[PDB]
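Protein chains in written order, with the numbering used here: chain Z, 9 to 59; chain H, 5 to 32; chain A, 12 to 433.
Encoded as structure tokens, the structure appears first; notes follow it.
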């Protein structure tokens with residue numbers, strides 16, 4: 009998100025691609041899962057489109 | 005030597021009261 | 012090796028939260044005392060091979076009492092600016108609930124709203140010590156003075172990203188200069204030291220208060236008197252005889268014959284004799300600075316016993332006529348108080364110990380130096396008789412002294428009482 013906010017040009021599409029083979033990264037901690045959920049929700053509200 | 009952790013620990017009387025509640029319904 | 016470098020900010024934040032949560036003042040005082048005792052013990056254990064290091068409780072005291080912070084100028088970021096900066100840095104949605112809550116805080120303080128907003132986002136354990144927080148705040152203040160908001164934003168982002176929600180709330184409160192821990196500044200100073208509030212008021216500074224009043228045992232009396240230094244002698248207060256017995260709680264007192272002499276102070280150290288007046292003027296030239304010079308100094312060098320090497324005394328200077336054995340009203344010296352002997356300082360000791368040690372300073376010798384005549388009285392009739400004797404002797408009046416009274420330079424009152432006919 010900080011990188012996105014550092015672009016002075018007008019961005020029509022803001023997209024992120026996550027290359028990872030893991031499906032349960034935070035399996036040993038739930039607080040990190042909630043933090044990631046909140047951050048993803050904030051990015052979605054802002055207009056960032058994630059794959 | 006120690007550290008900051010060692011020094012800084014982690015860390016019948018009265019009167020009875022009664023209220024009478026009475027229904028004022030028709031059946032009473 | 013500052014202690015603040017080893018004390019995490021999280022510990023201070025937790026202590027403040029515990030103080031605020033506690034309802035009774037006793038619990039808050041206990042928490043603050045425990046924190047202070049831990050800090051002092053760590054400081055003592057760290058600076059073992061010390062050289063009077065200038066490290067004190069200032070790093071934490073300034074944060075605990077932001078309203079007294081004078082070293083750092085205005086940060087330039089108030090509640091509205093803080094809410095805005097939290098909005099940009101956290102990349103919250105401008106229309107999202109958190110953004111409106113931060114902005115619409117009814118210009119339930121802003122700190123609580125910020126804590127609630129940051130709770131799901133911030134970490135559970137910070138990594139910033141007190142020294143780092145103070146450095147960041149100083150950088151923010153300096154950049155605000157220099158009109159450079161980029162550095163302010165960077166420092167705020169660092170603080171936000173390296174602290175927990177509780178730490179963020181406490182930092183916000185410190186920046187706003189509004190803590191409201193439930194204990195007044197006077198209580199905090201009192202628990203810190205018994206003579207802290209008055210010292211802060213007279214000096215108007217915190218760092219000096221923190222450093223000078225570091226050891227609880229050492230009071231203001233010890234530091235108020237120094238060798239080869241001109242301090243302000245105290246003075247008595249006029250009182251009426253009719254209520255004299257009510258001045259000292261009907262306890263035994265000392266009656267001294269008042270002498271119409273100039274009040275001065277003197278320091279002896281080997282073959283060195285220093286003199287000073289009530290206003291700090293130096294008159295050592297009048298009586299000389301060495302036993303081989305002056306009129307009064309040569310005749311008093313032998314008076315002091317061998318056991319006395321370094322001493323400080325205060326008394327009255329007058330003129331004496333041996334021919335008539337009389338004292339001329341407005342060289343003879345009367346000594347009635349000793350403030351320091353050898354290494355130890357007598358300021359803490361009450362008047363009784365000073366009087367007891369006075370007899371061990373030197374052997375009185377009429378004409379040159381002696382001990383002022385005085386007696387012990389506990390009745391109004393004794394005071395009346397003493398006043399009558401003084402008047403018959405042409406003396407101005409009487410002095411009433413309370414043995415329990417302690418040495419408090421630059422203060423009016425206490426056991427020093429001055430009785431004159433009226």
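No residue lacks a Cβ here, since even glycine has one placed at the ideal position from N, Cα and C.
CB contact flag (residue i, residue j, <8 Å)
{"i": "residue 378 of chain A", "j": "residue 343 of chain A", "result": "yes"}
{"i": "residue 424 of chain A", "j": "residue 248 of chain A", "result": "yes"}
{"i": "residue 70 of chain A", "j": "residue 145 of chain A", "result": "yes"}
{"i": "residue 126 of chain A", "j": "residue 182 of chain A", "result": "no"}
{"i": "residue 267 of chain A", "j": "residue 347 of chain A", "result": "yes"}
{"i": "residue 39 of chain A", "j": "residue 194 of chain A", "result": "yes"}
{"i": "residue 100 of chain A", "j": "residue 171 of chain A", "result": "yes"}
{"i": "residue 5 of chain A", "j": "residue 430 of chain A", "result": "For residue 5 of chain A there is no data in the structure shown, the boundaries of chain A being 12 and 433."}
{"i": "residue 314 of chain A", "j": "residue 376 of chain A", "result": "yes"}
{"i": "residue 413 of chain A", "j": "residue 259 of chain A", "result": "yes"}
{"i": "residue 107 of chain A", "j": "residue 53 of chain Z", "result": "yes"}
{"i": "residue 163 of chain A", "j": "residue 98 of chain A", "result": "no"}
Three-way DSSP call (helix, strand, coil) for residue i in this model
{"i": "residue 133 of chain A", "result": "coil"}
{"i": "residue 36 of chain A", "result": "helix"}
{"i": "residue 184 of chain A", "result": "helix"}
{"i": "residue 116 of chain A", "result": "coil"}
{"i": "residue 12 of chain H", "result": "coil"}
{"i": "residue 10 of chain Z", "result": "helix"}
{"i": "residue 206 of chain A", "result": "coil"}
{"i": "residue 379 of chain A", "result": "coil"}
{"i": "residue 42 of chain A", "result": "helix"}
{"i": "residue 31 of chain H", "result": "coil"}
{"i": "residue 23 of chain Z", "result": "strand"}
{"i": "residue 82 of chain A", "result": "coil"}
{"i": "residue 414 of chain A", "result": "coil"}
{"i": "residue 364 of chain A", "result": "helix"}
{"i": "residue 23 of chain H", "result": "coil"}
{"i": "residue 64 of chain A", "result": "coil"}
{"i": "residue 259 of chain A", "result": "coil"}
{"i": "residue 268 of chain A", "result": "strand"}
{"i": "residue 295 of chain A", "result": "helix"}
{"i": "residue 325 of chain A", "result": "strand"}
{"i": "residue 337 of chain A", "result": "strand"}
{"i": "residue 220 of chain A", "result": "helix"}
{"i": "residue 16 of chain A", "result": "helix"}
{"i": "residue 300 of chain A", "result": "coil"}
Neighbour-count burial assignment, residue i, 16 or more Cβ in a 10 Å radius
{"i": "residue 157 of chain A", "result": "exposed"}
{"i": "residue 137 of chain A", "result": "buried"}
{"i": "residue 212 of chain A", "result": "exposed"}
{"i": "residue 238 of chain A", "result": "exposed"}
{"i": "residue 203 of chain A", "result": "buried"}
{"i": "residue 311 of chain A", "result": "buried"}
{"i": "residue 21 of chain H", "result": "exposed"}
{"i": "residue 56 of chain A", "result": "exposed"}
{"i": "residue 45 of chain Z", "result": "exposed"}
{"i": "residue 27 of chain Z", "result": "exposed"}
{"i": "residue 428 of chain A", "result": "buried"}
{"i": "residue 7 of chain A", "result": "An answer regarding residue 7 of chain A cannot be provided, because it is not within the stretch 12 to 433 covered by chain A."}
{"i": "residue 333 of chain A", "result": "exposed"}
{"i": "residue 364 of chain A", "result": "exposed"}
{"i": "residue 419 of chain A", "result": "buried"}
{"i": "residue 122 of chain A", "result": "buried"}
{"i": "residue 33 of chain Z", "result": "exposed"}
Residue closest to residue i, alpha-carbon to alpha-carbon, out of the options
{"i": "residue 309 of chain A", "options": "A:252, A:380 and A:40", "result": "A:380"}
{"i": "residue 49 of chain Z", "options": "A:92, A:218, A:104 and A:238", "result": "A:104"}
{"i": "residue 324 of chain A", "options": "A:279, A:333 and A:92", "result": "A:279"}
{"i": "residue 252 of chain A", "options": "A:12, A:398, A:307 and A:171", "result": "A:398"}
{"i": "residue 434 of chain A", "options": "A:217, A:329, A:228 and A:39", "result": "A query on residue 434 of chain A cannot be resolved here, the shown segment of chain A reaching from 12 to 433 and no further."}
{"i": "residue 282 of chain A", "options": "A:303, A:296 and A:294", "result": "A:303"}
{"i": "residue 27 of chain A", "options": "A:406, A:311, A:364 and A:179", "result": "A:179"}
{"i": "residue 270 of chain A", "options": "A:293, A:233 and A:326", "result": "A:326"}
{"i": "residue 13 of chain A", "options": "A:20, A:333 and A:54", "result": "A:54"}
{"i": "residue 29 of chain A", "options": "A:20, A:275, A:297 and A:43", "result": "A:43"}
{"i": "residue 118 of chain A", "options": "A:106, A:92 and A:142", "result": "A:92"}
{"i": "residue 128 of chain A", "options": "A:109, A:286, A:119 and A:142", "result": "A:109"}
{"i": "residue 25 of chain Z", "options": "Z:38, Z:32, Z:18 and Z:9", "result": "Z:9"}
{"i": "residue 135 of chain A", "options": "Z:53, Z:42 and Z:19", "result": "Z:42"}
{"i": "residue 289 of chain A", "options": "A:300, A:301 and A:272", "result": "A:272"}
{"i": "residue 147 of chain A", "options": "A:387, A:133, A:174 and A:263", "result": "A:174"}
{"i": "residue 191 of chain A", "options": "A:34, A:255 and A:409", "result": "A:34"}
{"i": "residue 23 of chain A", "options": "A:64, A:384, A:68 and A:63", "result": "A:68"}
Within-8 Å CB hit, residue i to chain D
{"i": "residue 14 of chain Z", "result": "Given the protein chain composition of this structure (Z, H and A), no chain D is represented."}
Check whether the stretch 344 to 356 of chain A and the stretch 312 to 322 of chain A touch, using three or more Cβ-Cβ pairs below 8 Å as the test. yes
Does the stretch 353 to 371 of chain A come into contact with the stretch 216 to 234 of chain A, if we say contact requires no fewer than three beta-carbon pairs (one atom in each stretch) closer than 8 Å? The stretch 353 to 371 of chain A is in contact with the stretch 216 to 234 of chain A.
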